[PDB]
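Note sheet for the following structure.
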Amino acid sequence: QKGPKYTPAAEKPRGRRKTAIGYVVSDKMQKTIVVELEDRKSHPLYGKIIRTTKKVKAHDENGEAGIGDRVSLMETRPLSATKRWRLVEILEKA
Amino acid sequence: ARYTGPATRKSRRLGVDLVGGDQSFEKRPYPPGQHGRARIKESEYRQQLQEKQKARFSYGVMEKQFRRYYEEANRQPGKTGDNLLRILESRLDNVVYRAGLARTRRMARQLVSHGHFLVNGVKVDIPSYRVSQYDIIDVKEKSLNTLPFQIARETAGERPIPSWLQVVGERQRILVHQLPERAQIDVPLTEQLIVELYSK
Amino acid sequence: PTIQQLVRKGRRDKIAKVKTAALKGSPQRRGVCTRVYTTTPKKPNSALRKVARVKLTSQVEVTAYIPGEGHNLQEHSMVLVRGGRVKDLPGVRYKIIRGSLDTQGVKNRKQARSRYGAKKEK
Amino acid sequence: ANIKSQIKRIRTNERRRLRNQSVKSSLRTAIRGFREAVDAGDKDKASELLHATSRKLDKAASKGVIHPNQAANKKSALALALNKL
Amino acid sequence: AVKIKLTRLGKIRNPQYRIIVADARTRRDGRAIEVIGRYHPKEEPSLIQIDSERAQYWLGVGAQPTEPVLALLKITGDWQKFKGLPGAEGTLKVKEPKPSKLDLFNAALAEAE
RNA sequence: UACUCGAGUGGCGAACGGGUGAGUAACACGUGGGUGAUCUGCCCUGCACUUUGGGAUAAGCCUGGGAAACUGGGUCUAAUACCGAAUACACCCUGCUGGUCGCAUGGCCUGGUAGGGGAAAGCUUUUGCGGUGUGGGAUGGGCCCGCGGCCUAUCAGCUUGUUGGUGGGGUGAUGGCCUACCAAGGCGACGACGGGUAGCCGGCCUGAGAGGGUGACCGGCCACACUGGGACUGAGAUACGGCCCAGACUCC
């Protein structure tokens, strides 16, 4: 009456990473684009909604997205410093 | 602590005679001091303070405790005033006074503090003991034959009994139906000016 | 103002002026009376108000009133300085309190003895 | 020091330090030999030194001088260098 | 080491413990992974409330209890439910509920004759 | 001798617990997430084993040096100390290859296949203790990120490993973390860079509330241990009561 030679691990569901739709504002680095993000939230006190403009740096690996392109990004691990996003697809290339 | 000073003069300062049996105030009407019969500026603060002190010195409660009673009443629901009166009446000195065993809240306080009572079996040396619904307040075995309780059972027809209370035995056991409502309280005082005071 | 004016520039409360800076957050301080003397108050009042220039432990030299009838204070006296405004004396915000290991209580105070360092006599 | 256990642990830690020192130094020597064989261009010598060095890295990881993941990364680098040679 | 412990709570001479599970490297009054019981040994029956299912989980995954809480598990049968020696004892005794104040009130009313 | 045990070897602990808030305006904290980018002693549970051989040394004995701290030598002794080898085919690496998931690198099927490899410790008679590898779990962490919480522009330009990439190195792990080369970018009025202040939070005080102020006890996280720097050991180190160096101070 032996137990299993091998016990499988559990089927831990894969975590959901963050997804960001943005606009490119630089492509002058190799395999790296900079992207603007528009996050709108209410002021903590006055209640007005503040359109905040945030920059992030992402990875494309092929150099197809240029300035003015609406894109979609998925968070990743550090691929460099300052760089925790991967490109997914381009949406409104211009 | 407690106020072990003269009793009539507080009632005189506050108009209402809480106990009675003097002639100075009762012939000449005035608060104590040489400056009785003086001119008064009729301030709402004096009105309010006077009701607060009426309560304090009718019972044997000091301000740092009356403040806590007020705060309990204000937190817990209903009208803060009648909740406060319910609290001040739901304490051991007052229930035995209202039951007539002492005919003075000072005497009731001395009795409870000296331990001539107990509640549901356990001795109580706390006049501030907040009694509750369905509380048997027994007297101990020395105390029932002592002179003050002899006087109680002898003269237990002078002042009435509240409804929420009743004495049940010749041994002067006391029972609590519920806690009193503002009709059950029967005290010569309002209760709104005090909460106004502590809301200032 | 407008809400955007507020989210940009915001509200800034008027800066409360630090007071009794010579104490440096303390309720009291110890100091040597560098010069005990007397000052003349403002115009409506007239009196010979007793004061001392005291060099505190905060490395600050300030003027300090000496309440009460009498005072035994000379220079080089260790004194305990509290706060308290004396209106008629313009340039002073500190007082001296008895029971300072030099400033004994006032003589024959019998009403407000606690404010003048006087022991009960019985 | 001023405690018996630390006074002893000083000696023990120095002992373990000397051990791990000898082991890691042997490893780095094996790797420099392998990398010399590779940058020179020899292949079968490089494969033999690779087997020997991988063996020693597994051995050190089992002794606890290094982590098995570290041994893995080292020998993987060696194998890939040999392959791309 | 994960361990079942007694966190002291309560005032000075009233050691009301709370039966937790926590690492051994924590401190007594520290952060607890989970609370599974309570232990008030000032009652004469010295209350032993517990949560059996979570106790069994933590024992199955290998939480070494302390000695007192081991005795408590032996009392509640969870130790025995875990190992399986006498099945599950169930040695626990509780404080009998004293009579209701309403019942005392009505009894004294009846005596008021 | 072997109950008992100084000292000693060895194991485990010593990284917890306890203290302070100097530093820190930062992923330090709080909160929420990610880790297909990761470690995890002890503990629990499965699988497979625990084979074989050897060389020393502390201690002890004989000495030497030194004022002391301490230390050199010779000789001698054992082990769960140390070291080789065998086996492991669960594990590690590489090559080829299939399916599947896909959130892209890639992950899962202990995929398959070929090659080359990886270990162990014995003790005691008693409610017996252990050891190794491996799978899983639990716990404890690490790293990354969103958002949030001070003053200051009478501090406007800052950055050159700085932004990115390739190949290597390094790590437990991703990554300029490090390096050679390459490209010249990256951050800034939404306040960069500076200056000042300050441990953060749950909470506490006030207040009708919003808010303001605060961060004492208690509890959590961080940081630090004479100052500064550094690593070693180890599962794990800011290593308070550990090591090395330098410095100040105190003492022989």
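Using ideal geometry, Cβ is built from the backbone for each residue, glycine included, and neighbour counts are taken over all protein chains shown. Read-outs throughout are calculated quantities, based only on the coordinates presented, and are distinct from any laboratory measurement.
Its alpha carbons considered, the protein assembly as shown gives a radius of gyration followed by a Dmax of 42.5, 130 Å. Spin-label model, A:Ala10 to E:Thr91: label points 7 Å out along the Cα-to-beta-carbon direction sit 3.3 nm apart.
Annotation: the residues D:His51, B:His177, C:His71, sorted from fewest to most other C-beta atoms within 10 Å of their own C-beta, follow the order D:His51, B:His177, C:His71.
Principal semi-axes of the equivalent ellipsoid, √(5λ) from the alpha carbon gyration tensor of chain B, are 30, 21, 14 Å from largest down. Out of every Cα-Cα pair that the stretch B:135-200 contains, those further apart than 17 angstrom amount to 57 percent. Using the structure shown, select from A:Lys55/A:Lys93; B:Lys142/E:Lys42; A:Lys55/C:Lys9; B:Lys54/C:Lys110 the pairs with a Cα to Cα distance greater than 25 angstrom. Over 25 Å Cα-Cα: B:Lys142/E:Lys42; B:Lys54/C:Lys110. Amide H of C:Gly105 versus every other amide H placed in the peptide plane: which residues, excluding those fewer than 5 positions away on the same chain, fall under 5 Å? Close amide H contacts, sequence-distant or interchain: C:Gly99. The stretch E:58-98 and the stretch C:43-62 have Cα centres spaced 76 Å apart. Its Cα gyration tensor gives chain C an equivalent ellipsoid; the semi-axes, largest first and in whole Å, are 37, 17, 16. Working value for the stretch B:1-90: equivalent-ellipsoid semi-axes of 27, 15, 11 Å, each the square root of 5 times a Cα gyration tensor eigenvalue, largest first. In this structure, the amide hydrogen of E:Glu34, modeled 1.01 Å from its nitrogen in the peptide plane, lies closer than 5 angstrom to those of E:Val21, counting only residues at least 5 positions away or on a different chain. For the stretch A:9-18, the Karplus equation 6.51 cos²θ - 1.76 cosθ + 1.60, evaluated at θ = phi - 60°, returns couplings of 5, 6, 8, 4, x, 5, x, 8, 8, 8 Hz by residue, with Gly and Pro reported as x. Value of Rg to Rh for chain A, rounded to two decimals, is 1.24; Kirkwood radius and Rg both from alpha-carbon coordinates. Listed from fewest to most Cβ neighbours within 10 Å, the set A:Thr19, B:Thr80 follows the order A:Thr19, B:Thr80. For the stretch B:113-200, the residue among B:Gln133, B:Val187, B:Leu118 whose Cα projects farthest onto the positive side of the dipole built from Cβ charges is B:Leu118. Result for chain E in a Gaussian network model with C-alpha springs under 10 Å: among E:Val94, E:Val61, E:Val21, the largest mean-square fluctuation is at E:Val61.
In order along the stretch C:89-102, the phi-based Karplus estimate (6.51 cos²θ - 1.76 cosθ + 1.60, θ = phi - 60°) of 3J(HN,Hα) comes to 8, x, x, 8, 9, 10, 10, 9, 10, 4, x, 10, 6, 10 Hz; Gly and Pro are listed as x.
If you plug the beta carbon distance of D:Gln21 and A:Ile21 into 1/(1 + (r/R0)^6) with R0 = 45 Å, you get a FRET efficiency near 0.25. Note on chain C: helix-only mean residue ellipticity at 222 nm, from DSSP H runs of 4+ residues weighted -39500 (n - 2.57) and normalised by residue number, equals -1500 deg cm²/dmol. Angle of helix D:44-63 to the longest C-alpha principal axis of chain D, folded into 0 to 90 degrees and rounded to 10: 20°.
Enter the angle in degrees (range 0 to 90, nearest 10) between the Cα long axis of helix D:4-40 and the first principal axis of the Cα atoms of chain D, meaning the one along which they spread out most. On a 0 to 90 degree scale, this one is about 10.
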